[PDB]
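Q: Just the structure for this:
(one chain, ligands or ions: 1)
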Amino acid sequence: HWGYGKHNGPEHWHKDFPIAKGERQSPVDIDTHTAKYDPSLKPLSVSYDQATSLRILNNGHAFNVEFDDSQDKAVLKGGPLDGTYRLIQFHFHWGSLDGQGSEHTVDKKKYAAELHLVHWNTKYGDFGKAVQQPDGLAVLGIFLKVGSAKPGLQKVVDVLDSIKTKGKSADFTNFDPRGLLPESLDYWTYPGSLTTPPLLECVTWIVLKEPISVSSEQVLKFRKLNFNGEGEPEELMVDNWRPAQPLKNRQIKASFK
Ligand SMILES: [Zn+2]
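A: Numbering: from 1, shown residues only. Structure data below:
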């Protein structure tokens, strides 16, 4: 099936998922000079104090830290959002080298990795129903640069050895996602899609301007993961990012001036 290789990578996805060439695909390059401050944006509200993580899973494309979204605990509100969006999981996209890895780019600049905190609009009842709506999801994107270590990320890094291959999962409770957030909540926002098949166009993207710094050793451990399942030839899980897609008829709005 789909992947990030030469014969099943991003340029091949359109064959099974025609929406890959759609009108609001993600990620996109964020041209900072073209982005415009939007006064209609309300303050962004990230409420993760009640977040309840449950487990971490290597799905063969990345690893997901899943949360219990059966109640309104960890939620994202405000900004360009109408209503409440509930956190369901977060994952990253990274490269084989520090010079690449992020999906969104800033003035064509690629960061070492990108964190995606995925939320679904509670007005739709569940994630499945939400992905059938133009405003069903909200993904908070955060860039990762290599430098000082991110203390709040170490617990994730240290559990990766237990989910090396596709299909493996491990209990991962009491992880606080607040430790992965940068100081500033300044952001860019635009309507887009899931960056992996099925590439559904139900996402309101909120990409933070301030990147978090992680250490070389931390990202190196991300690169030790496998795309393959246990007992199969090793295919390092690196460069699991989709490149920038056509902006088309969209405007990127900034929360700051
Ligand atoms: Zn993602």
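
Q: Could you check how far the residue lying farthest from the centre of the chain is from residue 168?
A: Relative to the mean C-alpha coordinate of the chain, counting by C-alpha atoms, centre = their mean, the farthest residue is residue 231 (28.6 Å). With distances taken as C-beta to C-beta, to the nearest Å, residue 231 is found 12 Å from residue 168. For the C-beta atoms, the positions are set from N, CA and C on the backbone; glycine is no exception.

Q: where does the residue farthest from the centre of the chain land in three-state SS?
A: At residue 231, secondary structure determined by DSSP: H, G, I helix; E, B strand; the rest coil is coil.

Q: nearest residue to residue 211 other than its sequence neighbours?
A: In space, and not counting its chain neighbours, residue 211 is closest to residue 143: 3.6 Å by C-beta to C-beta, 6 or more residues apart in numbering.

Q: Give the buried residues for stretch 190-204.
A: Buried positions in stretch 190-204, judged by neighbour count with 16 or more other C-beta atoms under 10 Å: 190-197, 199-204.

Q: Hmm, I typed the wrong one, I wanted stretch 146-159.
A: By 16+ other C-beta under 10 Å, the buried positions in stretch 146-159 come out as 146, 150, 152, 153, 154, 155, 156, 157, 159.

Q: Let me have that stretch in CSV, keeping just the CA atoms, if that works.
A: Output in CSV follows, covering the C-alpha atoms of stretch 146-159 (Å, rounded to 0.1, in the frame of the first residue of the first chain):
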residue,chain,number,x,y,z
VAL,A,146,17.5,20.6,16.5
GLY,A,147,19.3,22.2,19.4
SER,A,148,18.6,22.0,23.1
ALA,A,149,16.7,18.9,24.3
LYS,A,150,13.0,19.1,25.0
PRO,A,151,12.5,17.6,28.5
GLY,A,152,8.8,17.0,27.9
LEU,A,153,9.6,14.8,24.9
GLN,A,154,11.9,12.4,26.6
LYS,A,155,9.2,10.1,27.9
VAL,A,156,8.1,9.6,24.3
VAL,A,157,11.7,9.0,23.1
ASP,A,158,12.4,6.4,25.8
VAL,A,159,9.4,4.2,24.9
